[PDB]
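Throughout the sequence shown, residue numbering follows PDB author numbering, covering 20 to 107, 119 to 344 in sequence.
We put the CB at the ideal spot given by N, CA and C, even for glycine.
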Amino acid sequence: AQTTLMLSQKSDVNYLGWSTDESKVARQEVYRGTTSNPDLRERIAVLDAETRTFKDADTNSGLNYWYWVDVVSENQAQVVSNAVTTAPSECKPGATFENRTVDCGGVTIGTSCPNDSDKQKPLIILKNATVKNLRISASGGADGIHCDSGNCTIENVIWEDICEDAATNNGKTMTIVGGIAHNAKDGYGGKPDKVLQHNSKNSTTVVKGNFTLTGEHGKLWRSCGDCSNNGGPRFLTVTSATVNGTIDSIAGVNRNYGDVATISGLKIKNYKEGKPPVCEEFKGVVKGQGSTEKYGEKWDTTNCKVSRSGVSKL
Ligand SMILES: [Ca+2]
Ligand SMILES: [Zn+2]
Ligand SMILES: [Zn+2]
Ligand SMILES: [Zn+2]
């Protein structure tokens with residue numbers, strides 16, 4: 020088995036994101052040191068087997084740090100990641127991956143993110159494919175990653191500043207496994223909007239592995255509200271995610287099209303009921319054939335399958 024680790028620094032917090040192919044994970048341990056010597060690293064956290072992200076806010080400004088993540092199997096196997104530090119090739123813009131998994135090895139890719147653009151291109155297109163360990167540059171997020179057919183997995187991807195959006199589901203099932211997505215007010219792409227855009231129908235967007243949002247965001251997922259040839263049903267399944275920053279709302283479902291958002295394991299910084307609203311119901315429309323409407327935040331309804339127990343203060 021193997022584990023690949025990536026690091027992203029945000030607001031004096033070091034965020035770690037990793038992917039692992041170990042199938043029987045029991046626990047995961049985070050190690051840190053002030054030097055590159057792995058023999059001197061010391062454990063700073065013991066985590067459950069499901070998360071794929073971690074945040075370290077206990078560092079001093081005058082030091083550099085090295086991190087490693089040890090994925091421990093039920094049978095004592097130590098699957099240790101590469102080291103990452105704060106100390107100062120198939121994955122290229124426009125690439126399409128089909129029916130296979132591509133490990134980007136932690137490289138960075140990006141093009142641009144022009145102000146006021148009406149159309150931007152995807153950096154990576156997946157067709158029943160998986161991409162893992164990739165960083166999207168702050169100034170070149172363009173239209174993120176597209177799942178254009180079948181089942182796609184976006185595993186341990188870091189968006190330094192989401193441009194139009196982070197990922198788009200134009201396929202059957204798009205799964206986000208871990209990853210860290212940053213957005214900011216006045217950042218690239220304008221006012222923060224959605225992270226995950228969902229256009230296909232009879233399809234699902236899945237969020238797990240403690241996908242983490244940092245900075246300021248519009249919403250985590252939106253079933254297209256006014257797409258050409260709009261309709262549904264569109265589904266969202268959230269089992270583990272964290273918002274360590276601010277967000278306007280979490281999910282937007284078009285209840286008239288049968289959309290259903292099923293949410294639990296959601297942690298939000300300083301969460302208060304209604305701040306932010308989690309699942310909101312809307313009326314979706316076909317472009318040019320009517321106006322959308324917002325009905326409001328809902329709990330335990332047909333289309334908003336989220337209970338108060340599904341969301342908590344981080
Ligand atoms: Ca942005
Ligand atoms: Zn987009
Ligand atoms: Zn797109
Ligand atoms: Zn596409």
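Integer-rounded CB distance, given that residue j should sit under 8 Å from residue i
i: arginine 46; j: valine 88; result: 11 Å between Cβ atoms; not a contact.
i: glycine 282; j: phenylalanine 312; result: 6 Å
i: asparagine 274; j: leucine 344; result: 6 Å
i: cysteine 143; j: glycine 170; result: 6 Å
i: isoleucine 155; j: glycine 36; result: The pair is not a contact, with the Cβ atoms about 22 Å apart (cut-off 8 Å).
i: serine 270; j: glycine 295; result: 4 Å
i: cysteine 193; j: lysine 162; result: 20 Å between Cβ atoms; not a contact.
i: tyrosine 34; j: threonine 234; result: Between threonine 234 and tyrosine 34 the Cβ distance is about 26 Å, and since that is not below 8 Å, they are no contact.
i: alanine 96; j: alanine 20; result: 7 Å
i: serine 179; j: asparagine 158; result: 6 Å
i: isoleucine 293; j: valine 236; result: The pair is not a contact, with the Cβ atoms about 11 Å apart (cut-off 8 Å).
Reference residue i, options the options, closest by Cα
i: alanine 291; options: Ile280, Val316, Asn300; result: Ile280
i: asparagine 145; options: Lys302, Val308, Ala172, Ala102; result: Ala172
i: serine 321; options: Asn284, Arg130, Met25; result: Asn284
i: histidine 247; options: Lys328, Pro222, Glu61; result: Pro222
i: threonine 276; options: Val236, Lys324, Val308; result: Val308
i: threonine 70; options: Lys297, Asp289, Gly220, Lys302; result: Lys297
i: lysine 324; options: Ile184, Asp40, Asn286; result: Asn286
i: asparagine 129; options: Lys215, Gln28, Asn181; result: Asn181
i: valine 98; options: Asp40, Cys121, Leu266; result: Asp40
i: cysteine 177; options: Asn186, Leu153, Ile188, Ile166; result: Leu153
i: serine 42; options: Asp148, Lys122, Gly124, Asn94; result: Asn94
i: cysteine 121; options: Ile166, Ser147, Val315; result: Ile166
i: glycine 124; options: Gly136, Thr53, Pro107, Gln150; result: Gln150
i: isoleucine 188; options: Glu303, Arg338, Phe73; result: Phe73
i: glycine 220; options: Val44, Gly201, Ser147; result: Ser147
Residues of its chain near residue i, where Cβ-Cβ distance is below 6 Å and the 5 sequence neighbours each way are ignored
i: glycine 217; result: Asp191
i: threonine 131; result: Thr160
i: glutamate 327; result: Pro307, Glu310
i: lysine 224; result: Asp195, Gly248, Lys249, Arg252
i: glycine 261; result: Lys231, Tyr287
i: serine 38; result: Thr23, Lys162, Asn163, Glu185, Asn186
i: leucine 266; result: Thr235, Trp251, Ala281, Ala291
i: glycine 136; result: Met25, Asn163
i: residue 117; result: Because the chain is numbered 107 and then 119 with no intervening positions, residue 117 cannot be located in this model.
i: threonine 203; result: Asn181, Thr234
i: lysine 215; result: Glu246
Straight-line gap, residue i to residue j (C-alpha atoms, nearest Å)
i: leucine 66; j: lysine 317; result: 46 Å
i: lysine 299; j: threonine 23; result: 27 Å
i: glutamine 319; j: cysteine 254; result: 14 Å
i: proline 306; j: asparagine 56; result: 43 Å
i: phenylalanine 127; j: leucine 164; result: 14 Å
i: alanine 68; j: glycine 239; result: 9 Å
i: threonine 272; j: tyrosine 84; result: 24 Å
i: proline 263; j: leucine 59; result: 53 Å
i: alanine 102; j: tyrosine 86; result: 6 Å
i: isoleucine 139; j: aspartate 31; result: 24 Å
i: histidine 228; j: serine 119; result: 28 Å
i: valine 315; j: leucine 26; result: 41 Å
i: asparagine 333; j: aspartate 289; result: 6 Å
i: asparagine 199; j: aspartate 278; result: 21 Å
i: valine 268; j: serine 339; result: 13 Å
i: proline 107; j: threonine 141; result: 23 Å
i: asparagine 79; j: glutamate 303; result: 34 Å
i: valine 44; j: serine 100; result: 14 Å
i: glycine 201; j: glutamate 61; result: 43 Å
Sequence-distant residues of the same chain with beta carbon closer than 7 Å to residue i, five excluded per side
i: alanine 168; result: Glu190, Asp191, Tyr218
i: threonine 183; result: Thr160, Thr205, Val207
8 Å CB neighbourhood of residue i in its chain, flanking five on each side removed
i: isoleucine 63; result: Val49, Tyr50, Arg51, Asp75, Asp77
i: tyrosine 301; result: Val341, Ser342, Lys343, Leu344
i: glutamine 28; result: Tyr34, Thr105
i: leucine 82; result: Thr53
i: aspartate 256; result: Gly314, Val315, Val316, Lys317, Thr322
Original post:
Within the structure, which residues are defined as neighbours of ligand 4 by a Cβ-heavy atom distance below 6 Å, reported in chain order?
Top reply: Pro152, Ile155, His176, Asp178, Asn200
**OP:** Starting from the N-terminal end, write out each residue whose C-beta falls within a distance shorter than 6 Å of any non-hydrogen atom of ligand 2.
**Re:** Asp173, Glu194, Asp195, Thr198, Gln227
Original post:
If you measure from each residue's Cβ to the nearest non-hydrogen atom of ligand 1, which ones come out under 5 Å, in chain order?
Top reply: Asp191, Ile192, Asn213, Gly217, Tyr218, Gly219
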